[PDB]
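These notes are about the structure you will find just below.
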Amino acid sequence: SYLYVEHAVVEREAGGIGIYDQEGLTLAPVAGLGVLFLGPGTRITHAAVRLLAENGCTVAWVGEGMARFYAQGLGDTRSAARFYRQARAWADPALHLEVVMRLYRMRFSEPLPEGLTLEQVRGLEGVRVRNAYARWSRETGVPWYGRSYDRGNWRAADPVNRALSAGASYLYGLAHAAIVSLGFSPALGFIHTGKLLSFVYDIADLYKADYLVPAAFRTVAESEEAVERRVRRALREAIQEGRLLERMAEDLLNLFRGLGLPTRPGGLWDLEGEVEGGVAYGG
Amino acid sequence: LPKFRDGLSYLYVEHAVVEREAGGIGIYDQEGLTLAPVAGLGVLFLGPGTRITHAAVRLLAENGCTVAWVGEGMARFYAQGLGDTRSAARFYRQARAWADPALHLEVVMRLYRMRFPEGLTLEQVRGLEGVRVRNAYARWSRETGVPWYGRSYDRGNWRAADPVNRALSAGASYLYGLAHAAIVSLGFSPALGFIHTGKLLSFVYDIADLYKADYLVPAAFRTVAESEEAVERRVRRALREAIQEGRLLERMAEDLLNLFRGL
DNA sequence: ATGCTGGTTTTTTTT
DNA sequence: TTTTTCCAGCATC
C-alpha cells in the first residue's frame, strides 16, 4: 500500500500528509502507507517526516539514477524483543548459519528436502535465478544477455536491466518498511554484511524472482520506452495482489523460530538474569 | 567552519529550506542563502521548520552523509535518513560485545566506571551507583535550597509529581533525545543496551546516565529554585544553554568511541 | 478566512 | 538573465 510522489511539495496538513502539486492539494491517510516514495523534484518538511516516522512509515528517496536513501523511524514495536532475537541469532555462528540456510531455502517455490548439503544450495539458487531470467526471456520475447553487473564489462544497461533496477529500488523500500516496522534492524545482515541496511537486501531477495522479474520482462516486452515508470505500476499491481507486505511481515516473524525466547517498566542487566529497573538500591 | 568531532563534521539547520546549490548544501532562511560544503559531512541535523529537497538528499546520499530529523536543540529524536554506503563496523562491534557475557560484563564495568576510582564487587556496584545518585541529589537539594530529591513520578499521570520531579523528567527526556541522536549518528544501536537491557532505547539511557548528574540534576534544581511555574520549559531552556556552553555532543561522541576501544 | 506562537503532551538507580 | 527567504496548529474574533 505504498505511495509514489514526484514533482510536489509534501507537508503535514491537518494532522495528516498533504501533497501540493499543480492539481491542488491531495490528502492521504497515513494509516496504511508503509513506504512513501519521493521521486525527483520533491521537497518534504520536517513535520511530514516526523509524522511518517512516528506512524512506523519509511520514506524512500528514489531517483533518476542515484543512490538509495531511506528515512528510518523508530518502529511500531514499543521495545522489540524481536531485535534481541535477531542479535542473538546473528552473533552465534551456528544460529547464524541456520538463518542463512533459512534465507536461501525460502527462495524456492517447490520446497526442498531436509538432506541438502550447505554451499550447494548457494549454488542451486544461482541456477534458479538464471533459469527464471531465461524462462521469462523466452516467454515475453525480450532477449536477456544477462544482468548489467559482471566483471570487465561496462555494457550499457538494456531496458530490461533498467526495469529490474527500478523495481529493485521499490522492493528494497518495502523490505526496509517491513523490517523496521516490525522492530528488526536492517544492519544485522545474514547473507549481506557490512552495511547498515544489509538485512533489507536479505529480505528482498526472497521476492525478487517472484515479483520483480515478471513485472520487468512484461513491461519491457510492450514498451522499451519509459520503463522506469511502467515497471513501478506493474510491480504495484503485483504487490497489492499477492499481499506482499503482509507476507513479508509473516516471514520476518517466523524466520527466527530456533533458539530460546506494560511498555514502560524498564530493566537492569545481571549475569544471565535481570534486576528490576528504576529503583534505588544502596544503604 | 562547521564543527567536527573526530573525523567528519556535522551541521544543525533549523528554520530553513535545504536545497542543493553548486555541488553543495544551500540553506535558504531569513538571513538569505548560506553555502555548506558537503565534502566529508557525517550528519546533517534538521530541526523543526526545515523542509528538504530530493536533490539535497540525492547529493547527501552520494556523499555518504546521514540526516537526523530532530527537535529544537536536538532535545528530541524523530528519524534517521541513511544511505547504502553507511558502514556498520561500529554497530557490529557493539553487538558482538553485547552478545558475549565476558565482553558484555567488561563494557558494563566500563560504563559504571565512567560515572565516578572504583571498587571490586558484583551486585553491590548497583547499590553504589544508587548511593551516588541519591547523595548527588542531596547535594543539589542543599545547594539549590529546595525540597528533597524524592523522585516520585507516575507514568500514567504527568502532573502527579513534584515540580522538581517534572523538571527532572523533562531534562531526562532532553538528555535521552541528545543521546539517541549522538548514538545513531556514530552508527551504533540504541537498543543494544548493556545496562537497562530490554528496552529498544536501553543504550540511550545507558549513555544519558553518564551525564545526568553533571547536567540534568543541577539544571532541574536551579530551575525549581527560580520558580515553580513552567518548570518543564525553563529546565529545558537552561539545559539547552548549558549543553551549547559545554559542547556535550562532542564529549558524548568521544566517550562512545572510547567505550568500545581495546575491548 | 487572519493573526499569533512554539517547536510536541516528556518520566527507566521511584514505590 | 537558470524558482527556494521556517512549518503547522493554536488562538481569536
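Convention: chains lettered A, B, ... in C-alpha cells order; per-chain residue numbering from 1; ligands numbered from 1 as shown.
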### Message
From a backbone DSSP assignment, name each residue in stretch 72-168 of chain A labelled helix (DSSP H, G or I), as a PyMOL selection string.
### Response
chain A and resi 81-91+93-105+121-140+159-168
Just the selected residues (C-alpha atoms), exported as a CSV table (one decimal), in the first residue's frame, please.
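Output below, filename again06.csv:
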chain,number,residue,atom,x,y,z
A,81,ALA,CA,12.2,-8.5,21.7
A,82,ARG,CA,12.4,-9.5,18.1
A,83,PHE,CA,15.5,-7.4,17.8
A,84,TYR,CA,17.2,-9.2,20.7
A,85,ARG,CA,16.4,-12.5,19.0
A,86,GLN,CA,17.8,-11.1,15.7
A,87,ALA,CA,21.0,-10.1,17.5
A,88,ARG,CA,21.4,-13.4,19.3
A,89,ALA,CA,20.8,-15.4,16.1
A,90,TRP,CA,23.3,-13.1,14.2
A,91,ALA,CA,26.0,-13.4,16.9
A,93,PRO,CA,27.8,-18.9,14.5
A,94,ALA,CA,25.5,-22.0,14.4
A,95,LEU,CA,22.3,-20.0,14.6
A,96,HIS,CA,23.8,-17.5,12.1
A,97,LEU,CA,24.4,-20.4,9.6
A,98,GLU,CA,20.8,-21.7,10.3
A,99,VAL,CA,19.4,-18.3,9.5
A,100,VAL,CA,21.5,-18.2,6.3
A,101,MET,CA,20.2,-21.6,5.3
A,102,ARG,CA,16.6,-20.4,6.0
A,103,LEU,CA,17.1,-17.3,3.9
A,104,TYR,CA,18.5,-19.3,0.9
A,105,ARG,CA,15.9,-22.1,1.1
A,121,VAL,CA,22.1,-24.6,-2.0
A,122,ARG,CA,24.0,-21.4,-2.5
A,123,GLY,CA,24.9,-22.7,-5.9
A,124,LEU,CA,21.5,-24.1,-6.7
A,125,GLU,CA,19.9,-20.7,-6.1
A,126,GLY,CA,22.1,-19.4,-8.9
A,127,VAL,CA,20.6,-21.7,-11.5
A,128,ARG,CA,17.1,-20.9,-10.5
A,129,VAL,CA,17.7,-17.3,-10.9
A,130,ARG,CA,19.4,-17.8,-14.3
A,131,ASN,CA,16.6,-20.2,-15.4
A,132,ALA,CA,14.0,-17.7,-14.3
A,133,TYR,CA,15.7,-15.0,-16.4
A,134,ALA,CA,15.7,-17.4,-19.3
A,135,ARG,CA,12.1,-18.5,-18.7
A,136,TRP,CA,10.7,-15.0,-18.9
A,137,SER,CA,13.0,-14.0,-21.8
A,138,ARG,CA,11.6,-17.0,-23.7
A,139,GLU,CA,8.1,-16.2,-22.5
A,140,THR,CA,7.8,-12.5,-23.3
A,159,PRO,CA,15.8,-1.7,-21.0
A,160,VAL,CA,15.2,-5.0,-19.1
A,161,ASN,CA,18.1,-4.2,-16.8
A,162,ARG,CA,16.8,-0.7,-16.1
A,163,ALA,CA,13.4,-2.1,-15.3
A,164,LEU,CA,15.0,-4.7,-13.0
A,165,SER,CA,16.9,-1.9,-11.1
A,166,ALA,CA,13.9,0.4,-10.7
A,167,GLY,CA,11.7,-2.4,-9.4
A,168,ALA,CA,14.6,-3.5,-7.2
### Task
Excluding residue B:114 and residues on its chain fewer than 4 positions from it, collect all residues at most 12 Å away from it, counting only C-alpha atoms (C1' of nucleotides), and give them as a PyMOL selection string.
chain B and resi 107-110+118+129+206-211+213+252+255-256+258-259
Long-range neighbours of stretch 3-14 of chain C as a PDB file with N, CA and C atoms, in the first residue's frame, 6 Å cut-off, only C-alpha atoms (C1' of nucleotides), 4 positions minimum in chain:
ATOM      1  N   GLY A 266      10.868  -0.894  32.490  1.00  0.00           N
ATOM      2  CA  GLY A 266      12.320  -0.826  32.486  1.00  0.00           C
ATOM      3  C   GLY A 266      12.960  -2.172  32.817  1.00  0.00           C
ATOM      4  N   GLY A 278      14.670   1.043  37.655  1.00  0.00           N
ATOM      5  CA  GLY A 278      14.035   2.221  38.211  1.00  0.00           C
ATOM      6  C   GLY A 278      13.813   2.193  39.707  1.00  0.00           C
ATOM      7  N   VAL A 279      14.755   1.641  40.471  1.00  0.00           N
ATOM      8  CA  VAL A 279      14.646   1.593  41.923  1.00  0.00           C
ATOM      9  C   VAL A 279      15.998   1.933  42.542  1.00  0.00           C
ATOM     10  N   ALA A 280      15.956   2.607  43.690  1.00  0.00           N
ATOM     11  CA  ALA A 280      17.159   2.870  44.466  1.00  0.00           C
ATOM     12  C   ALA A 280      17.588   1.607  45.207  1.00  0.00           C
TER      13      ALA A 280
ATOM     14  N   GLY B 130      23.392   3.622  42.991  1.00  0.00           N
ATOM     15  CA  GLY B 130      22.264   4.163  43.736  1.00  0.00           C
ATOM     16  C   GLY B 130      22.661   5.245  44.719  1.00  0.00           C
ATOM     17  N   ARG B 151      12.101  11.836  43.784  1.00  0.00           N
ATOM     18  CA  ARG B 151      11.831  11.145  42.529  1.00  0.00           C
ATOM     19  C   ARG B 151      10.643  10.188  42.688  1.00  0.00           C
ATOM     20  N   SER B 152       9.475  10.776  42.968  1.00  0.00           N
ATOM     21  CA  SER B 152       8.201  10.056  42.930  1.00  0.00           C
ATOM     22  C   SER B 152       7.403  10.563  41.735  1.00  0.00           C
ATOM     23  N   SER B 169      12.224  15.023  34.980  1.00  0.00           N
ATOM     24  CA  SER B 169      11.768  14.158  33.894  1.00  0.00           C
ATOM     25  C   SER B 169      11.921  14.840  32.538  1.00  0.00           C
ATOM     26  N   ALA B 170      11.603  16.134  32.460  1.00  0.00           N
ATOM     27  CA  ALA B 170      11.795  16.869  31.213  1.00  0.00           C
ATOM     28  C   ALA B 170      13.263  16.874  30.802  1.00  0.00           C
ATOM     29  N   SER B 173      14.222  13.613  29.443  1.00  0.00           N
ATOM     30  CA  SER B 173      13.776  13.468  28.059  1.00  0.00           C
ATOM     31  C   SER B 173      14.727  14.178  27.099  1.00  0.00           C
TER      32      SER B 173
END
Which residues, written as a PDB file with N, CA and C atoms, in the first residue's frame, have at least one atom at most 10 Å from residue A:106, with only C-alpha atoms (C1' of nucleotides) counted and residues fewer than 6 positions away on the same chain left out?
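Okay, this is what ended up in around-v2.pdb:
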ATOM      1  N   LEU A 112      12.346 -27.781  -0.645  1.00  0.00           N
ATOM      2  CA  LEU A 112      13.487 -28.663  -0.824  1.00  0.00           C
ATOM      3  C   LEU A 112      13.471 -29.754   0.235  1.00  0.00           C
ATOM      4  N   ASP A 205      15.610 -10.300  -1.521  1.00  0.00           N
ATOM      5  CA  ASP A 205      15.973 -11.404  -2.407  1.00  0.00           C
ATOM      6  C   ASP A 205      14.937 -12.523  -2.390  1.00  0.00           C
ATOM      7  N   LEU A 206      14.188 -12.666  -1.293  1.00  0.00           N
ATOM      8  CA  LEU A 206      13.178 -13.718  -1.210  1.00  0.00           C
ATOM      9  C   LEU A 206      12.020 -13.500  -2.177  1.00  0.00           C
ATOM     10  N   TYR A 207      11.820 -12.272  -2.656  1.00  0.00           N
ATOM     11  CA  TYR A 207      10.683 -11.959  -3.506  1.00  0.00           C
ATOM     12  C   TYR A 207      11.090 -11.345  -4.833  1.00  0.00           C
ATOM     13  N   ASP A 251       6.947 -13.674   7.151  1.00  0.00           N
ATOM     14  CA  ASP A 251       8.261 -14.290   7.007  1.00  0.00           C
ATOM     15  C   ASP A 251       9.263 -13.693   7.989  1.00  0.00           C
ATOM     16  N   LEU A 255      10.885 -16.216  10.666  1.00  0.00           N
ATOM     17  CA  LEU A 255      12.264 -16.506  10.291  1.00  0.00           C
ATOM     18  C   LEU A 255      13.128 -16.891  11.489  1.00  0.00           C
TER      19      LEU A 255
END
### Query
What lies within 12 Å of residue A:211 using only C-alpha atoms (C1' of nucleotides), ignoring chain neighbours under 6 positions off, as a list in words?
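Answer for this query is residues 107, 132, 136, 164, 167, 168, 170, 171, 204, 205, 217, 218, 231, 232, 234, 235, 236, 237, 238, 239, 240, 241, 242, 243 and 244 of chain A.
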Do you have, as a Markdown table, the list of residues of chain B lying at most 8 Å from chain A, each with its nearest atom pair and that distance in Å to one decimal, counting only C-alpha atoms and ordered by chain then number?
| residue | atom | partner | partner_atom | distance |
| --- | --- | --- | --- | --- |
| B:46 | CA | A:46 | CA | 7.1 |
| B:47 | CA | A:46 | CA | 7.1 |
| B:48 | CA | A:46 | CA | 5.7 |
| B:49 | CA | A:46 | CA | 6.3 |
| B:50 | CA | A:46 | CA | 5.5 |
| B:51 | CA | A:45 | CA | 3.7 |
| B:52 | CA | A:43 | CA | 5.2 |
| B:53 | CA | A:43 | CA | 4.0 |
| B:54 | CA | A:42 | CA | 5.1 |
| B:55 | CA | A:40 | CA | 7.2 |
| B:57 | CA | A:69 | CA | 7.3 |
| B:58 | CA | A:66 | CA | 6.7 |
| B:61 | CA | A:69 | CA | 6.0 |
| B:62 | CA | A:67 | CA | 6.1 |
| B:69 | CA | A:46 | CA | 6.7 |
| B:78 | CA | A:50 | CA | 5.7 |
| B:79 | CA | A:73 | CA | 4.8 |
| B:80 | CA | A:72 | CA | 4.8 |
| B:81 | CA | A:71 | CA | 3.9 |
| B:82 | CA | A:70 | CA | 5.6 |
| B:83 | CA | A:69 | CA | 4.5 |
| B:84 | CA | A:68 | CA | 6.4 |
| B:85 | CA | A:195 | CA | 6.8 |
| B:86 | CA | A:195 | CA | 5.9 |
| B:87 | CA | A:195 | CA | 4.9 |
| B:88 | CA | A:195 | CA | 5.0 |
| B:89 | CA | A:194 | CA | 6.7 |
| B:91 | CA | A:187 | CA | 7.7 |
| B:92 | CA | A:188 | CA | 7.9 |
| B:95 | CA | A:87 | CA | 6.9 |
| B:96 | CA | A:91 | CA | 6.4 |
| B:99 | CA | A:88 | CA | 6.5 |
| B:101 | CA | A:271 | CA | 7.5 |
| B:105 | CA | A:271 | CA | 8.0 |
| B:124 | CA | A:282 | CA | 7.7 |
| B:126 | CA | A:281 | CA | 6.7 |
| B:127 | CA | A:282 | CA | 3.8 |
| B:128 | CA | A:282 | CA | 6.0 |
| B:129 | CA | A:282 | CA | 7.9 |
| B:130 | CA | A:280 | CA | 5.3 |
| B:131 | CA | A:282 | CA | 5.4 |
| B:155 | CA | A:264 | CA | 7.6 |
| B:194 | CA | A:269 | CA | 6.8 |
| B:195 | CA | A:269 | CA | 5.3 |
| B:196 | CA | A:268 | CA | 4.3 |
| B:197 | CA | A:269 | CA | 5.5 |
| B:198 | CA | A:267 | CA | 6.0 |
| B:199 | CA | A:79 | CA | 4.7 |
| B:200 | CA | A:79 | CA | 4.4 |
| B:201 | CA | A:79 | CA | 7.6 |
### Task
Take atom CA of residue B:204 and atom CA of residue B:97 and report the distance between them in Å, one decimal.
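Between atom CA of residue B:204 and atom CA of residue B:97 the gap is 16.5 Å.
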Considering only C-alpha atoms (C1' of nucleotides), return as a PDB file with N, CA and C atoms, in the first residue's frame whatever protein or nucleic-acid residues lie within 6 Å of residue B:235, sequence-local ones (same chain, fewer than 3 positions apart) excluded.
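Final output, around.pdb:
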ATOM      1  N   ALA B 167      10.546  18.736  36.355  1.00  0.00           N
ATOM      2  CA  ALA B 167      11.746  19.291  35.736  1.00  0.00           C
ATOM      3  C   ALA B 167      12.769  18.202  35.451  1.00  0.00           C
ATOM      4  N   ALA B 220      17.706  21.107  36.839  1.00  0.00           N
ATOM      5  CA  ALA B 220      16.357  20.957  37.377  1.00  0.00           C
ATOM      6  C   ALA B 220      16.227  21.638  38.734  1.00  0.00           C
ATOM      7  N   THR B 223      16.283  25.365  38.345  1.00  0.00           N
ATOM      8  CA  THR B 223      15.066  25.853  37.706  1.00  0.00           C
ATOM      9  C   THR B 223      13.920  25.898  38.702  1.00  0.00           C
ATOM     10  N   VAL B 231       8.109  24.974  34.898  1.00  0.00           N
ATOM     11  CA  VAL B 231       9.401  24.409  35.108  1.00  0.00           C
ATOM     12  C   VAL B 231       9.828  23.559  33.947  1.00  0.00           C
ATOM     13  N   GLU B 232       8.904  22.787  33.424  1.00  0.00           N
ATOM     14  CA  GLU B 232       9.202  21.888  32.336  1.00  0.00           C
ATOM     15  C   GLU B 232       9.865  22.534  31.141  1.00  0.00           C
ATOM     16  N   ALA B 238      17.283  26.091  30.072  1.00  0.00           N
ATOM     17  CA  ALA B 238      18.557  26.147  30.779  1.00  0.00           C
ATOM     18  C   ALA B 238      19.462  24.994  30.366  1.00  0.00           C
ATOM     19  N   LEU B 239      18.881  23.816  30.117  1.00  0.00           N
ATOM     20  CA  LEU B 239      19.685  22.677  29.690  1.00  0.00           C
ATOM     21  C   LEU B 239      20.233  22.888  28.286  1.00  0.00           C
TER      22      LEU B 239
END
### Task
At a cut-off of 9 Å, list the chain D residues touching chain A, using only C-alpha atoms (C1' of nucleotides), as a PyMOL selection string.
chain D and resi 7-9
Could the residues in this selection be saved with C-alpha atoms (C1' of nucleotides) as a PDB file, in the first residue's frame?
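For reference, again-v3.pdb as written:
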ATOM      1  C1'  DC D   7       6.306  24.910   9.365  1.00  0.00           C
ATOM      2  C1'  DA D   8       1.781  23.909  11.411  1.00  0.00           C
ATOM      3  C1'  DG D   9      -1.622  24.278  14.741  1.00  0.00           C
TER       4       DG D   9
END
#### Entry: Within 8 Å of residue B:217 using only C-alpha atoms (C1' of nucleotides), minus same-chain residues under 4 positions, as a PyMOL selection string
chain B and resi 137+140+168+212-213+221
#### Entry: Interface, chain B side, toward chain D (9 Å; only C-alpha atoms (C1' of nucleotides)) as a list in words
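On the chain B side, the interface is residues 14, 15, 16, 17, 18, 19, 28, 29, 30, 31, 32, 33, 48, 49, 50 and 51 of chain B.
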### Message
One decimal, in Å: what's the spacing between atom CA of residue B:156 and atom CA of residue A:262?
### Response
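Separation between atom CA of residue B:156 and atom CA of residue A:262: 11.2 Å.
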